[PDB]
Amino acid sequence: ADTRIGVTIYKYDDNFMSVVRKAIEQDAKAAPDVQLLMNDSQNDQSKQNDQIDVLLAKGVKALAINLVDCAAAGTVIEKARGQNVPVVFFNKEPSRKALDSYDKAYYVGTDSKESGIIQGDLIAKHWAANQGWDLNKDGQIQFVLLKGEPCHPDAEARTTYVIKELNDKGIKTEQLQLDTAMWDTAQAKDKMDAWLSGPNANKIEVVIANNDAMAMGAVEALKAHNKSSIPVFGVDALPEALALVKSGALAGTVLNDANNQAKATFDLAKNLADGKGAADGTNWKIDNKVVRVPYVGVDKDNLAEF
């Protein structure tokens, strides 16, 4: 009797997707006529592909798919199409072409560039309020940047737009180091430690991370080098990160609204499973099959709101 919805999470121990997956499990458990079949793809698209085959064998009436491979939507769509099963992609955004190739494909996520713009504005505000951060007193921000996984739309947009926004405001920037840490805390700690062991160590004025997990790794490397005075900025507003905004270990972040992305994903998947319009009975705004949930800047000054 219960409507089965298959869900794949690209990697369960991704800090942000852990918040999302626990929220969507809660949403489903609050709803009686639904059974969620949850899968950890263990950061391997081949594993996810096999999981989708199994979910289809089990007759799920909708799929909610958080891709491993940024470009794998077409592969997933062709599996789903064979059984007329709708697919709500979430958090890793397929191409416009992929979404348009299947009348039952949808996406729930964010306007990726917005998070870069907000982060840049946040840095600009704090830079202006903390001119002691300009260690070499040249009027430019000497920064290092910890990038997410290449090709992930959030990594690409946050990396491009944080710097564009600063520069557009009239703040010149100098990139001292930039590398991916693949969204991961331990990789970011190791990378930041390398940078703090290299010739630019002393010159680094601001650490910019594409997410909070990498920001937290940087914070722990700075602590080990007795350089916690160097500001670090993140994205996601993870609970662990907000505690660092409060303690002063993290200068700022940006809410990536996991609870509403989870709810929208669930709501659309359940409507589609039921053969209804994707947004029926909800306030979600679907624009060409996409729901985007706003980001919100967070620092000590507005922390009491969160």
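Numbers for residues come from their place in the sequence shown, where the first is 1.
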Worksheet entry | 37-45 or 244-252, whichever carries the higher mean Cα B-factor | 244-252
Worksheet, complete the sentence: Mean B factor on CA atoms, stretches 92-100 and 207-215, record says higher is 92-100
Response to the item:
Per the deposited B-factor column, the C-alpha that peaks among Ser112, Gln187, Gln131, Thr160 belongs to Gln131
Practice prompt. Going by the CA temperature factor in the entry, name the top one among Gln83, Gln119, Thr173, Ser197.
Written response: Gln83
Discussion item. Considering every modelled residue of the chain and its Cα B-factor in the PDB entry, is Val7 in the lowest, middle or highest third?
Written reply: lowest
Practice prompt. Please rank the C-alpha B-factors of the chain's modelled residues and tell me whether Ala72 sits in the lowest, middle or highest third.
Written response: middle
Item to complete: Classify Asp267 as lowest, middle or highest third according to the C-alpha B-factor given in the PDB entry, relative to its own chain.
Response: lowest
Fill in: CA B-factor ranking of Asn167, expressed as a third of its chain
middle
Worksheet, complete the sentence: For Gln140, the third of its chain by CA B-factor is the middle
